[PDB]
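Visitor: Sharing an experimental structure here, sequence included.
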Amino acid sequence: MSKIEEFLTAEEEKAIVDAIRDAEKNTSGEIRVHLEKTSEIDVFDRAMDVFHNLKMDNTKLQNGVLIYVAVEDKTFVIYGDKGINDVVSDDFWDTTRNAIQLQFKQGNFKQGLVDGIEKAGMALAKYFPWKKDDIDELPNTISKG
């Protein structure tokens, strides 16, 4: 909180990284977070550039998500690859948004991301139920600006 260099402690980062590690074991689709200060342009177009620059479309099913968070304005954007957008609806995405929004509105960025990852994993597991042969295409490591 008082230290602006590191938004979360190693205890807090470990506990959110582990929250992604269990979701990969529940659905064949990928959940990445990108944390940054502020932008010089629009956050939507920037998140689309950052997703494509980080090469996150490199999946077999086209089903990676990036969560771009701007810590200065306290805002969050969520952007999935085409294989999510083409298979789900805005009504499916409303649940993900409300889970994160309510916890960012309390001020607890960890809890809002962790619960949003959890609810997304359970929802995505309806469209992509886990398989014993399932494959781990992205890594759990948090992205930073």
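Guide: Arrived safely. Numbering: from 1, shown residues only.
Visitor: Is the residue nearest to residue 59 when sequence neighbours are not counted in a helix, a strand, or coil?
Guide: Nearest residue to residue 59, sequence neighbours excluded (C-beta to C-beta, 6 or more residues apart in numbering): residue 137, at 5.0 Å. C-betas here are computed from N, CA, C, even on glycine. Using DSSP: H, G, I helix; E, B strand; the rest coil, the structure places residue 137 in coil.
Visitor: ok, residue 137 to residue 48 distance?
Guide: 20 Å (C-beta to C-beta, to the nearest Å).
Visitor: State whether residue 51 is indeed within a strand.
Guide: No: membership of residue 51 in a strand is not supported by three-state DSSP, which gives helix.
Visitor: can you pull the buried residues of the biggest helix by length in the chain?
Guide: When the chain is parsed with DSSP state H, its longest helix is helix 109-127. Residues 109-118, 120-121, 124 are the ones in helix 109-127 that count as buried (16 or more other C-beta atoms under 10 Å).
Visitor: Repeat that for stretch 33-50.
Guide: So for stretch 33-50, counting by 16+ other C-beta under 10 Å, buried means 33-36, 39, 43, 46-47, 50.
Visitor: Do me a favour and get the end-to-end distance for it?
Guide: 11 Å (C-alpha to C-alpha, to the nearest Å).
Visitor: Which positions within stretch 78-88 qualify as buried?
Guide: 78-81, 83-84, 87-88.
Visitor: in the protein, which spans are helices?
Guide: Ranges of helices within the chain are 10-21, 43-53, 82-85, 90-106, 109-127, based on DSSP H.
Visitor: okay if I get those helices as CSV plus distance to residue 64?
Guide: Compiled in CSV, those are given as follows (distance: least, C-beta to C-beta, whole Å):
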stretch, distance to residue 64
helix 10-21, 12
helix 43-53, 8
helix 82-85, 8
helix 90-106, 14
helix 109-127, 11
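Visitor: between these, which one is nearest to residue 63?
Guide: helix 82-85 (4.3 Å; C-beta to C-beta).
Visitor: CA atoms only for the closest one - export them in PDB, please.
Guide: Presented in PDB, the C-alpha positions along helix 82-85 are these (Å, rounded to 0.1, in the frame of the first residue of the first chain):
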ATOM      1  CA  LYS A  82     -11.300 -15.100 -30.600                       C
ATOM      2  CA  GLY A  83     -12.100 -18.700 -29.500                       C
ATOM      3  CA  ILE A  84     -13.600 -17.300 -26.200                       C
ATOM      4  CA  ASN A  85     -15.500 -14.400 -27.800                       C
END
